[PDB]
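As structure tokens, one chain now follows by itself in the form deposited in one PDB entry.
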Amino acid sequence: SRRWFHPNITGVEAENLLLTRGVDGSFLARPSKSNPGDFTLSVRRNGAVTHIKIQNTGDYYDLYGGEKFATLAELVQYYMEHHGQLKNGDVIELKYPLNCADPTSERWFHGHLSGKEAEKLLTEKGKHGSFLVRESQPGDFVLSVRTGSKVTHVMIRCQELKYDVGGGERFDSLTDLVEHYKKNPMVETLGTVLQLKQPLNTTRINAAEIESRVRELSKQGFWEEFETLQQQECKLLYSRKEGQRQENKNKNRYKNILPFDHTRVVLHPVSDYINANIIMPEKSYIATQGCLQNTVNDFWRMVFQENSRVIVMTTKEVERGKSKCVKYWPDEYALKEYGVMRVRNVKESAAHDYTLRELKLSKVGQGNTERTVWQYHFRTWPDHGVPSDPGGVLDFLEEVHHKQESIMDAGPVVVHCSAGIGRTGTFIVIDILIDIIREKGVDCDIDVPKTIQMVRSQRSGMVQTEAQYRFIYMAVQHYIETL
């Protein structure tokens, strides 16, 4: 559960909640009202409340006085299990999550919605066990379920800040009620079991109507849709044990940003590790970090082994005076050996938004192993935020796609930035969605947060901010308009 996240509270309301409803060790996280894009961790310690800032410019979550993380749920899981890690220099403990009662970011909550439109939505998109919770219709709520086929409506009374379906147990929140009737299904007198199988889909849209949905999300709606996706990240806390191994620690750009064990690229004492994951839609990708001096050779073993023929670099080598990805390729016309691997930089070609490097990769002492690797280096992504126009990114991705398509039996496309999750996730999700539209045509169903959630189950925190989220919609909108 991610109930420690309160999406609609101020710092004063947070301080009040922790002082009146929490104890020492109580904590919650919330979006920043003063800096819309950032987050705050409010913790109760020795009768007082601290407000620790969490910054996210697009590459990772950076906790002031703590570490860098891929998601807020990964950050919380870490600090709840490892005490003393968070700190004037005094240790701050995350012991008791202070739960949010607000139903706003739950997949099934529709707020203002009529019984007519709820039936409309459930008749179209719904299936057996599909449900939603909406406002009544007054000050009360309604649970609407599809079974079979038919739609049943169950009134939810709100009496003295508690919720009930007219008898039995009274719940502190709509969530506790929903979870309770998910496990203990309501039974109609004639035997109809009101099973709450899955929430109703509100995000899947026909590609041709992207303009109408984007116009509706710009009224913001994007923030709410993104936060509903963010709440689902508690389901993706898969093991990341291989990256924790002593011998693997310094092969990670960031100690607490790790590849999932079940999707990590295994390299064939400890020579099998790289911070990289295979990304498979529903063309494959390898989402990886920018190289470290001690991982350059592992990077080339990975490219060779996977039969990758295209590399997408989404950052400049240096941004804001800091190394984003070390130079792992030779100078134009040069030949270098990186362990057992040999690389020639054949030719460099400059475009407006990017540089192309034609590289030849082979294994030392085995001439017949040579293959060309095309490195597409995107150089115009801004220092902060996302591009103001998606044209550049789209034209680049179109070129990468055509290169990948021209090569028989080419392995996955390697995509890398700094931590390999923000910009990397954005380029990959755009490429995936735009690939749907190439095959199926403008007559296809697209579901942006479902695509994101699918990529996130393969590598932690793929697509980091709401700005990237909106950029993905803008890029999909631009591509369809140019069709």
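Residues carry their position along the shown sequence, with the first being 1. In this text, rigid core is short for the largest set of C-alphas that superpose within 1.5 Å between two forms.
The same protein has a further form, the form deposited with a small molecule bound, not shown here; the description that follows concerns it.
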{"query": "Residue (of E93, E119, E227, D176) lying close to the small molecule in the deposited bound form, criterion heavy atoms within 4.5 Å", "finding": "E227"}
{"query": "Contact residue in the deposited bound form, chosen from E233, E399, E306, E348 - any heavy atom within 4.5 Å of the small molecule", "finding": "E233"}
{"query": "Contact label in the deposited bound form: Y333 to the small molecule, heavy atom within 4.5 Å", "finding": "no"}
{"query": "In the deposited bound form, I274 touching the small molecule (heavy atom, 4.5 Å)", "finding": "no"}
{"query": "In the deposited bound form, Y479 touching the small molecule (heavy atom, 4.5 Å)", "finding": "no"}
{"query": "In the deposited bound form, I311 touching the small molecule (heavy atom, 4.5 Å)", "finding": "no"}
{"query": "Residue stretch of 358-366, 182-190, 283-291, 233-241 approaching the small molecule in the deposited bound form, non-hydrogen atom distance within 4.5 Å", "finding": "233-241"}
{"query": "Core-superposed comparison between the shown form and the other one: the option from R438, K53, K33, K450 whose CA moves 2 angstroms or more", "finding": "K33"}
{"query": "Sense of the change in Cα distance from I472 to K33 in the deposited bound form - at least 3 Å versus the shown form", "finding": "closer"}
